[PDB]
Amino acid sequence: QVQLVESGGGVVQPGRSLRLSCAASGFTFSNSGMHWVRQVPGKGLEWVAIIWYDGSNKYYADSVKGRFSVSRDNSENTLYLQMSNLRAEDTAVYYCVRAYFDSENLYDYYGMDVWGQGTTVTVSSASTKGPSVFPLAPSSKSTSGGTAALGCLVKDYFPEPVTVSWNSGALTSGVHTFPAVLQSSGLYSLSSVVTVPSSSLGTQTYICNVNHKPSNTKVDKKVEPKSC
Amino acid sequence: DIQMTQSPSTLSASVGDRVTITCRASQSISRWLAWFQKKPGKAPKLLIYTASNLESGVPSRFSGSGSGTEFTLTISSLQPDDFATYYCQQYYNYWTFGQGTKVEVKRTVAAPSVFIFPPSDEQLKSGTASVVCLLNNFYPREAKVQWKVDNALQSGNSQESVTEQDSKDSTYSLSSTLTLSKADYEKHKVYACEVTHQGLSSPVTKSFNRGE
Amino acid sequence: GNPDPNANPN
């Protein structure tokens with residue numbers, strides 16, 4: 001029944017500010033403590049802040065103290081996180097988390113129970129850039145034991161994420177979109193590949209639909225075979 | 001703070017196995033310890049609270065035990081949807097998480113199919129050349145992808161990516177991308193990636209010449 | 001007067 005939905009995430013330049021919000025439903029918001037927790041790439045999960053049910057007490061992780069501020073409006077069922085002087089190390093998925101609610105008040109110390117879906121904050125000097133989509137053309141070099149592979153190279157986009165869909169037949173052995181790699185340029189890049197029967201290399205035509213919503217770009221690139 | 005260490009960091013098991021994950025605290029935390037399940041792109045889910053009290057929504061195959069500094073999470077009968085990352089969290093002094101334990105599906109050896117793609121003409125017009133080597137549907141995760149340019153070993157210019165384990169056939173896929181400048185790409189002829197895997201009868205080479 | 005951070009926040 002408890003529902004938490006975060007909003008506010010996006011791209012922010014290092015040293016600027018950003019405010020996250022969290023809308024709560026399915027429980028009595030004014031009777032529950034609330035946490036902010038983040039999932040940092042490379043690191044793990046990390047507690048950020050706690051706020052009492054009425055906002056009378058607030059505690060912060062030492063790494064964000066003096067820079068972040070947590071607040072709430074129980075009349076609007078909303079939890080806020082004001083983030084200032086942001087650095088690239090604050091790039092994470094930020095989760096709104098309800099403190100454990102024990103109707104019986106059994107135990108002495110309190111953790112967390114229900115997590116929100118999370119909102120992604122990317123602190124980087126890189127600009128929001130749509131991808132350049134290049135075809136991974138099928139050929140004899142892209143055949144292995146009765147299987148042929150073709151794909152699309154989605155290069156130099158920012159920020160995450162992208163989605164790639166294809167026009168797959170009934171015998172499509174698989175669709176594999178790879179996790180993006182962060183290049184030294186600060187831009188992301190990934191490949192999306194499709195495996196089909198080797199006999200279908202020149203029989204059918206394949207097109208990858210690349211969607212990068214943060215840049216509001218859609219690219220439909222055709223992947224045609226090469227004679228080699 | 002209190003430091004939480006989980007063991008093992010990764011474990012491979014079959015559908016139906018009993019799995020035990022251990023979590024150790026740097027200090028005594030009595031029973032102020034929780035276990036969370038997490039899947040890629042999904043919110044964490046509270047499994048066990050107060051070290052051993054199962055949450056009402058969680059199936060009874062999940063069990064927790066322990067006090068003080070040693071804590072264990074058990075899955076009596078591993079179901080298909082139980083393969084995820086599990087985190088312990090202490091809530092005695094602030095809130096700190098373990099490093100997480102990934103539960104992988106164990107299956108038979110699967111040889112990778114190996115593919116290579118020459119750079120497209122549209123990218124060469126942009127001034128760069130990316131060569132992609134593809135390894136599809138292999139198990140175990142261990143594999144070796146070696147780039148060779150005119151039979152010279154490459155290093156420091158290839159980027160590798162590995163998919164999550166496929167929910168269907170429990171295999172992995174790997175892409176290796178070698179990127180060069182157009183001027184550097186045109187100064188070499190033979191481009192090849194050699195793949196070594198336990199499932200292969202011998203190392204597999206996929207090569208193309210610039211311009212074929 | 002401030003409670004411990006891990007005290008009951010509800």
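Naming convention: chains lettered A, B, ... in sequence-line order (proteins, then strands); numbering from 1 in each chain.
Interface check for chain B: of the options A:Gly151, A:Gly111, A:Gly145, the most heavy-atom pairs under 4.5 Å are formed by A:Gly111. Ranked by non-hydrogen atom pairs under 4.5 Å with chain B, the options A:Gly116, A:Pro179, A:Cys228 are led by A:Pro179. Of the listed residues B:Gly98, B:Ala43, B:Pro112, the one with more heavy-atom pairs under 4.5 angstrom with chain A than any other is B:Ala43. Chosen from B:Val204, B:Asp1, B:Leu134, the residue pairing most often with chain A at heavy-atom distances under 4.5 Å is B:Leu134.
Looking at A:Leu45, both its backbone and its side chain come within 4.5 Å of chain B, counting heavy atoms on both sides. Of the atoms belonging to B:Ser175, heavy atoms from both backbone and side chain fall under 4.5 Å from chain A. Contacts between B:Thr96 and chain A at a heavy-atom distance below 4.5 Å are absent for every atom of the residue. Proximity to chain B (any heavy atom under 4.5 Å) is shown, for A:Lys43, by neither the backbone nor the side chain. For A:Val37, the part lying under 4.5 angstrom from a heavy atom of chain B is the side chain only. Residue contact with chain B, scored on non-hydrogen atoms closer than 4.5 Å, involves the backbone and the side chain of A:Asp108 alike. Residue contact with chain B, scored on non-hydrogen atoms closer than 4.5 Å, is absent for A:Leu106.
Aromatic rings from A:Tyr110 and B:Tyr92 are positioned such that their centres are separated by 6.0 Å or more.
Cation-pi geometry between B:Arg24 and B:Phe71 is not met at under 6.0 angstrom from the ring centre and within 45 degrees of the axis. Geometric assessment of A:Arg38 against the ring of A:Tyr95 yields a negative cation-pi assignment under the 6.0 Å and 45° thresholds.
Using a cutoff of 4.0 Å between basic side-chain nitrogens and carboxylate oxygens, B:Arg61 and B:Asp81 are scored as salt-bridged. The pair B:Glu104-B:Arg141 does not meet the salt-bridge criterion, since no charged nitrogen lies less than 4.0 angstrom from a carboxylate oxygen.
Aromatic ring orientation, A:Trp47 versus B:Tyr94: tilted (interplanar angle from 30° to 60°). Taking the six-membered ring for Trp and thresholds of 30 and 60 degrees, B:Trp32 and B:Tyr91 have ring planes inclined between 30 and 60 degrees apart. The aromatic rings of A:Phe27 and A:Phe29 sit perpendicular, their planes meeting at an angle over 60°, well past the 30° parallel limit.
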